[PDB]
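**Q** Sharing a structure below in structure tokens format, with a few things to ask.
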Amino acid sequence: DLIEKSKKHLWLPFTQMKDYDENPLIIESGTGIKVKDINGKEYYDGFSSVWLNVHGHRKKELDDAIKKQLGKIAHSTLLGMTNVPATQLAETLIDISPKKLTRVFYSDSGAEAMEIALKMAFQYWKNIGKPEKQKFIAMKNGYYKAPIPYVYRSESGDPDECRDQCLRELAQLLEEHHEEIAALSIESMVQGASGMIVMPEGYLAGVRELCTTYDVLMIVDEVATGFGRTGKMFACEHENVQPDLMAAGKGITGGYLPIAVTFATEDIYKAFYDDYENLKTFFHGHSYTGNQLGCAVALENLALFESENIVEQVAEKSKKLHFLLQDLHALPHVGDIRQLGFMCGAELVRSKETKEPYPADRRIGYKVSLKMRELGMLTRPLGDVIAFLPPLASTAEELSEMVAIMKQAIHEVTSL
Amino acid sequence: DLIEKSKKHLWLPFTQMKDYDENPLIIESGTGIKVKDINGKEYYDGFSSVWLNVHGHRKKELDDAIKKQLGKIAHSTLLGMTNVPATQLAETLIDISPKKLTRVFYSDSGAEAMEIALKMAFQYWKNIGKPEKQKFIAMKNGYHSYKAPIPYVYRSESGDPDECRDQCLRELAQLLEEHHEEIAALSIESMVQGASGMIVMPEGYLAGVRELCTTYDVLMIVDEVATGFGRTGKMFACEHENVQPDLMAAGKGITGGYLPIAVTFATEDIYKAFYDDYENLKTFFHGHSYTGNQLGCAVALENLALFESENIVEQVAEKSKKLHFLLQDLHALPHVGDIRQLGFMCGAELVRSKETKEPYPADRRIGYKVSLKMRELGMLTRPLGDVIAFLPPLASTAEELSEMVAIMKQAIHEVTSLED
Ligand SMILES: Cc1ncc(COP(=O)(O)O)c(/C=N/CCCC[C@H](N)C(=O)O)c1O
Ligand SMILES: Cc1ncc(COP(=O)(O)O)c(CN)c1O
Numbered sequence: 268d269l270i271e272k273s274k275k276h277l278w279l280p281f282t283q284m285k286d287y288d289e290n291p292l293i294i295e296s297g298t299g300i301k302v303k304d305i306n307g308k309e310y311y312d313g314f315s316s317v318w319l320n321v322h323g324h325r326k327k328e329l330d331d332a333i334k335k336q337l338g339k340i341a342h343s344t345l346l347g348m349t350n351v352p353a354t355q356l357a358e359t360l361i362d363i364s365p366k367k368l369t370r371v372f373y374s375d376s377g378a379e380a381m382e383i384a385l386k387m388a389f390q391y392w393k394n395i396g397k398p399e400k401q402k403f404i405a406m407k408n409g410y411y412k413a414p415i416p417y418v419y420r421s422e423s424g425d426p427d428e429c430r431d432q433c434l435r436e437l438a439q440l441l442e443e444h445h446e447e448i449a450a451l452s453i454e455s456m457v458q459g460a461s462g463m464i465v466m467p468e469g470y471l472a473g474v475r476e477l478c479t480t481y482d483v484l485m486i487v488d489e490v491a492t493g494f495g496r497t498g499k500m501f502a503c504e505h506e507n508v509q510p511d512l513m514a515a516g517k518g519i520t521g522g523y524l525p526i527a528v529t530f531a532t533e534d535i536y537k538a539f540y541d542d543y544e545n546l547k548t549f550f551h552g553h554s555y556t557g558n559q560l561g562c563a564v565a566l567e568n569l570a571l572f573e574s575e576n577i578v579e580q581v582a583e584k585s586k587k588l589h590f591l592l593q594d595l596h597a598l599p600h601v602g603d604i605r606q607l608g609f610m611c612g613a614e615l616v617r618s619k620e621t622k623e624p625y626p627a628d629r630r631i632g633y634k635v636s637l638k639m640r641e642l643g644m645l646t647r648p649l650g651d652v653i654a655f656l657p658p659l660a661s662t663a664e665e666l667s668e669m670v671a672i673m674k675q676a677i678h679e680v681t682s683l
Numbered sequence: 346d347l348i349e350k351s352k353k354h355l356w357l358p359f360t361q362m363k364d365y366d367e368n369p370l371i372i373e374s375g376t377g378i379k380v381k382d383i384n385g386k387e388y389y390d391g392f393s394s395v396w397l398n399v400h401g402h403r404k405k406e407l408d409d410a411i412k413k414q415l416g417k418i419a420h421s422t423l424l425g426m427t428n429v430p431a432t433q434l435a436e437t438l439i440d441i442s443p444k445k446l447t448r449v450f451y452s453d454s455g456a457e458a459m460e461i462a463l464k465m466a467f468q469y470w471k472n473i474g475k476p477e478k479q480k481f482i483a484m485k486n487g488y489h490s491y492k493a494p495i496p497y498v499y500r501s502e503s504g505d506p507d508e509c510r511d512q513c514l515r516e517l518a519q520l521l522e523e524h525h526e527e528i529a530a531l532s533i534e535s536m537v538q539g540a541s542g543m544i545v546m547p548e549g550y551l552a553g554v555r556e557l558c559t560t561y562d563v564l565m566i567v568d569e570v571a572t573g574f575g576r577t578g579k580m581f582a583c584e585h586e587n588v589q590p591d592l593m594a595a596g597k598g599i600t601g602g603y604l605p606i607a608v609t610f611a612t613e614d615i616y617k618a619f620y621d622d623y624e625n626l627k628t629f630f631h632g633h634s635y636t637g638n639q640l641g642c643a644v645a646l647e648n649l650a651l652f653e654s655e656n657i658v659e660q661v662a663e664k665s666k667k668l669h670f671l672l673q674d675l676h677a678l679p680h681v682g683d684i685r686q687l688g689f690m691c692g693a694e695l696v697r698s699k700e701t702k703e704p705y706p707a708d709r710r711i712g713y714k715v716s717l718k719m720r721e722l723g724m725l726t727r728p729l730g731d732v733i734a735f736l737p738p739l740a741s742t743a744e745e746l747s748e749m750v751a752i753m754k755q756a757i758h759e760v761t762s763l764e765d
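For the record, the sequence lines run as chains A and B. So for the first sequence, the numbering used here puts the first residue at 268; every next one is plus one. So for the second sequence, the numbering used here puts the first residue at 346; every next one is plus one.
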């Protein structure tokens, strides 16, 4: 009846409940990079619990640090005071992140880390003495507007040409309006929910140049892409960018608990530092900010990154997956395949010559994902882009098994 | 070392770090209703860690459930599927919630639980045919748009509650008469304005807000984040007027204070409007990644199981009788303007003179200077400007309360007296 009960009471995030009612799924537990439902059936975790599960479920040394931190204290506040593991994690996060990012402002979630970034950005200009700086630049498809080098559906198909066109179009937009912009928000290297659109080489760097040149702050959303995943600690390493502000989460705790961070340059911190009377204080916060348990599990997740060398591991297991996922090209209705590190997606198309998309009512992304659930694998389709973002743990043979279960399930339905 | 560290790397919420640098503080541990800083010192947690903590620090039962749960699975997603604790907790949450509220949408914070409610309420009307329904009504100074007045008795002409009560209810009617077809929802704290300064509403203010909201087809958003799960003397504060909100937000107390879990509650009417085939674009495109954490739901399950066992709710009701008398002492101080309380939510409002009702000026920092004095005396609290906010754990005993209130009297006395 737990199934029956999940229909009566819940209301699930980013899902249409009529499709859940027709196909229920309730997990009980999980081990390694797998999970088990309540009428015991086991799956892979192809979407690593939506882009946050680093070393699998039941990982020993994370289960360890939570238990330990229950030994001391589970939650005390960061409002006006602080606590030990937040204080320690902060130090670790300053060292493992771009050098210009000196500060750290915690919150419960990715979206909260970005809203926080926007609010610092807006409030920084207001503090220093340039209130004109209000407007923002969203990057088209960004989960004013500026376009992102989406080269597969471009005019020339050429990365460098698409890139430089997107840079130029941004540059024109900055040329004309910069003296009223405050900040620019961009996902670090890969637009996630937009279909896993990898940015071509030199894009991010161009944005950084143009932001510096034009006195707009660069905000870099590293929530999906951070903590391994891209085959670096943070995806903005791939071009040596220092964001002015950067939002992080998901894989900060190993997958276990909800913590997020907003990193901030010291120049930015300084703008909010002054006597209380002036109302310069950044007035933002949440009540479970600096959770001891979250900070403790994240500290040991951050230790594992350094000891078990999980980042460098990922960069070698990717190469394997470069060719092993180029094997998807063989299938007829799989018009493009993208990756950066473990961050992977296969865009489905009706015609390879025309790259024509399927209709969205033909439901092909979702219909595929149900057939993986048939064959013991879990993912989420972004439209008709099937996502493949598996645990960083996941060994090169599982990396290989999933990709076939994926490929098998695509072909089974994409023939229809 | 940690002190020097905290000062060089952290950016803390709702705090001038310049202040944190004259007066830093780093908790290491806690035991029942006490916390222990790094230099050994002990404090009463007289703000329940900002209105979260219910049973005490290091409570075995809650300690146990997280370990229990840990050896199943720490986190599996609610995007498109579910998990066992969330599905159980929800059943539970439905029984203790009001009747009309039969869905549970989950999230990581109170702020988020409100944010979801606004989007649900906003989008609700789009999905049914009335998209012109789109503006909200915010109750003035409402920490969670036409602003609508809310009865603050102490500084109200009347001095009489019901006159301040009914006067505000009408002003909301004059708003609702001439603007209701544009209005999606109304947003209101359940029984007490927290951040505003622990301002308690007259009985049947919230009743009257709810009967008007029905008469004009506006949705009633009830924020129970600060006032939920015991704090007022009921499991939910709106029970003080039997009230049936269309959307209710919760967080905080829900996990006894251990983890972050928060919930938006919805009526089955609302939920209905998002039920369809995907084609129709009826869906609610929202919901964070750590939605339905096993560890937070597990800790919450147990927290509520304790609520059920010990009878924490009637216990607070019991102990609040004591608390009111215990707070009577505070009114004997020259500068304590006024003492507001419902359940464990109390506020002593400070003033230059308790005859003019004239507050102190903002730069003199009378709330902050007292909060520090309390720290010095071994108590943690956070002011709401010159409103000083006592909110002790719901496990707090009769004598702990007397000691916390004593420290508070000592503190307010010593700082107000000195400003002369
Ligand atoms: C009705 C209500 N909703 C939401 C929140 C915050 O929910 P969260 O985002 O943490 O999940 C609070 C206060 N929450 C505590 C915040 C501190 C209050 C005040 N700024 C102060 O300085 O004490 C609240 O009173
Ligand atoms: C770029 C970005 N930012 C924020 C989020 C959401 O994070 P949260 O659910 O914790 O807000 C996502 C989800 N993948 C994302 O891709």
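For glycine and all other residues, C-beta sits at the position ideal for the given N, C-alpha and C.
#1: Just to confirm, is the Cβ distance from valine 588/B to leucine 551/B under 8 Å?
#2: As a quick exercise: from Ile519/A, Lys499/A, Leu441/A, pick the residue whose alpha carbon is nearest that of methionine 485/A.
#3: Beta carbon of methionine 456/A, beta carbon of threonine 492/A: below 8 Å?
#4: Go ahead and label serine 554/A buried or exposed: buried means 16 or more other beta carbons lie within 10 angstroms of its beta carbon, across all protein chains shown.
#5: When the Cα of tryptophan 356/B is compared with those of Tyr540/A, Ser364/A, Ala676/A, which residue comes out closest?
#6: Enumerate, from N- to C-terminal direction, the unbroken alpha helix (DSSP H) stretches of 4 or more residues contained entirely within the region 427 to 502 of chain B.
#7: Counting only C-beta atoms, is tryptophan 356/B closer than 8 Å to chain A at any point?
#8: Ligand 3 and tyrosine 373/A: does the residue's C-beta get closer than 7 Å to at least one heavy atom of that ligand?
#9: Out of curiosity, what's the CA-to-CA distance linking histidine 669/B and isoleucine 544/B?
#10: Residues of the region 354 to 372 of chain A in Cβ contact with chain C at a cutoff of 9 Å, in chain order, please.
#11: Could you check whether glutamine 559/A and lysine 339/A sit closer than 8 Å to each other, using their CB atoms as the reference points?
#12: Using a Cβ-Cβ cut-off of 8 Å, state whether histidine 589/A counts as contacting chain B.
#13: Give the DSSP-derived three-state secondary structure of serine 452/A in the structure shown.
#14: Can you list, in chain order, the residues of its chain with a C-beta nearer than 6 Å to that of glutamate 506/A? Leave out the 5 residues immediately preceding and following it.
#15: Classify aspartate 304/A: buried if its beta carbon has 16 or more other beta carbons within 10 angstroms, exposed otherwise.
#16: Check whether the region 363 to 382 of chain B touches the region 394 to 406 of chain B, counting contact only when three or more Cβ pairs, one atom from each stretch, lie closer than 8 Å.
#17: Suppose you measure from the CA of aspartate 651/A to the CA of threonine 437/B; what does that come to, to the nearest Å?
#18: Determine, using beta carbons only, whether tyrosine 389/B comes closer than 8 Å to chain A.
#19: In chain A, which residues lie less than 7 Å from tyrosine 616/B when you measure between Cβ atoms?
#20: Just to make sure I have the definition right: I need the residues of chain B whose C-beta is within less than 8 Å of the C-beta of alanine 565/A. Which are they?
#21: Rounded to the nearest angstrom, what separates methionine 426/B and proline 525/A at their Cα positions?
#22: Looking at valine 321/A and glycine 521/A, is the spacing between their C-beta atoms short of 8 Å?
#23: Using a 10 Å radius around the Cβ and a threshold of 16 neighbouring Cβ atoms, would you call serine 490/B buried or exposed?
#24: What is the rounded straight-line gap between the Cα of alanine 493/B and the Cα of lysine 480/B?
#25: In whole angstroms, what separates the C-alpha of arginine 617/A from that of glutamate 665/A?
#26: Only counting the same chain, and skipping five residues up and downstream in sequence, which positions put a Cβ closer than 7 Å to that of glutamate 679/A?
#27: Under DSSP, the alpha helix (DSSP H) around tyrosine 388/B begins and ends at which residues?
#28: For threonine 742/B and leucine 415/B, what's the separation of their Cα atoms in angstroms?
#29: Which whole-angstrom value is the C-beta distance of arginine 496/A and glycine 608/A, which I expect to be below 8 Å?
#30: Does any C-beta atom of chain A lie closer than 8 Å to the C-beta of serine 351/B?
#31: Does any CB atom of chain B fall closer than 8 Å to the CB of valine 351/A?
#32: Rounded to the nearest angstrom, what separates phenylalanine 652/B and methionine 500/A at their Cα positions?
#33: Between the region 431 to 445 of chain B and the region 672 to 687 of chain B, do three or more beta carbon pairs fall short of 8 Å?
#34: Output yes or no for whether 8 Å exceeds the beta carbon distance between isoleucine 293/A and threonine 432/B.
#35: State yes or no: is the C-beta of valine 537/B nearer than 7 Å to some heavy atom of ligand 2?
#36: With DSSP as the reference, label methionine 565/B as helix, strand or coil.
**A** In short, the structure shows the following:
#1: Result yes, Cβ atoms of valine 588/B and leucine 551/B sit closer than 8 Å.
#2: Checking every option, the nearest Cα to that of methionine 485/A belongs to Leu441/A.
#3: Their beta carbons are under 8 Å apart, which means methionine 456/A touches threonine 492/A by this criterion.
#4: Buried is the call here.
#5: If we check each option's Cα against that of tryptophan 356/B, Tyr540/A comes out closest.
#6: The region 427 to 502 of chain B contains, as complete alpha helix (DSSP H) runs of 4+ residues, the segments 429 to 441, 455 to 473 (chain order).
#7: With 8 Å as the cut-off, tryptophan 356/B counts as an interface residue toward chain A.
#8: Ligands present in the displayed structure are limited to ligand 1 and ligand 2, and ligand 3 is not among them.
#9: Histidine 669/B and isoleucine 544/B have their C-alpha atoms spaced approximately 16 Å apart.
#10: Here chain C cannot be found, since the structure's protein chains are A and B.
#11: Here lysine 339/A is near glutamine 559/A, since their CB atoms are less than 8 Å apart.
#12: Under the Cβ distance rule, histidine 589/A does not count among the residues neighbouring chain B, no pair being separated by less than 8 Å.
#13: Per DSSP, reduced to three states, the secondary structure at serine 452/A is strand.
#14: Answer for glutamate 506/A: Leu471, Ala472, listed in chain order.
#15: Flag for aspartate 304/A reads buried.
#16: In short, these stretches touch, since the Cβ pair count reaches three.
#17: Take the alpha-carbon of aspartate 651/A and the one of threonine 437/B: they are about 37 Å apart.
#18: No, its Cβ sits nowhere closer than 8 Å to a Cβ of chain A.
#19: The contacting residues are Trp278.
#20: When 8 Å is used as the limit between beta carbons, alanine 565/A is near no residue of chain B, the shortest such separation being about 13 Å.
#21: Approximately 19 Å between the Cα atoms of the pair.
#22: Contact: yes.
#23: Exposed, by the Cβ-count rule.
#24: Rounded to the nearest angstrom, the two C-alpha atoms are 13 Å apart.
#25: Computed Cα separation, rounded: 29 Å.
#26: Closer than 7 Å at the Cβ level, and outside the excluded window around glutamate 679/A, lie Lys638.
#27: Run containing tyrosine 388/B: none in the alpha helix (DSSP H); it sits in the beta strand (DSSP E), 387 to 390.
#28: Distance between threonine 742/B and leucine 415/B, taken at the CA atoms: about 31 Å.
#29: The beta-carbon distance between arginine 496/A and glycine 608/A, rounded to whole angstroms, is 6 Å. This is short enough to meet the 8 Å contact definition.
#30: With 8 Å as the cut-off, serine 351/B counts as an interface residue toward chain A.
#31: At least one chain B Cβ lies under 8 Å of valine 351/A.
#32: A direct Cα-to-Cα measurement between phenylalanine 652/B and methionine 500/A gives close to 43 Å.
#33: The region 431 to 445 of chain B vs the region 672 to 687 of chain B: no contact.
#34: Taking the C-beta atoms as reference points, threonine 432/B is found nearer than 8 Å to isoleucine 293/A.
#35: Taking 7 Å as the cut-off, one finds no heavy atom of ligand 2 near enough to the beta carbon of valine 537/B.
#36: Note: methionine 565/B maps to strand in three-state DSSP.
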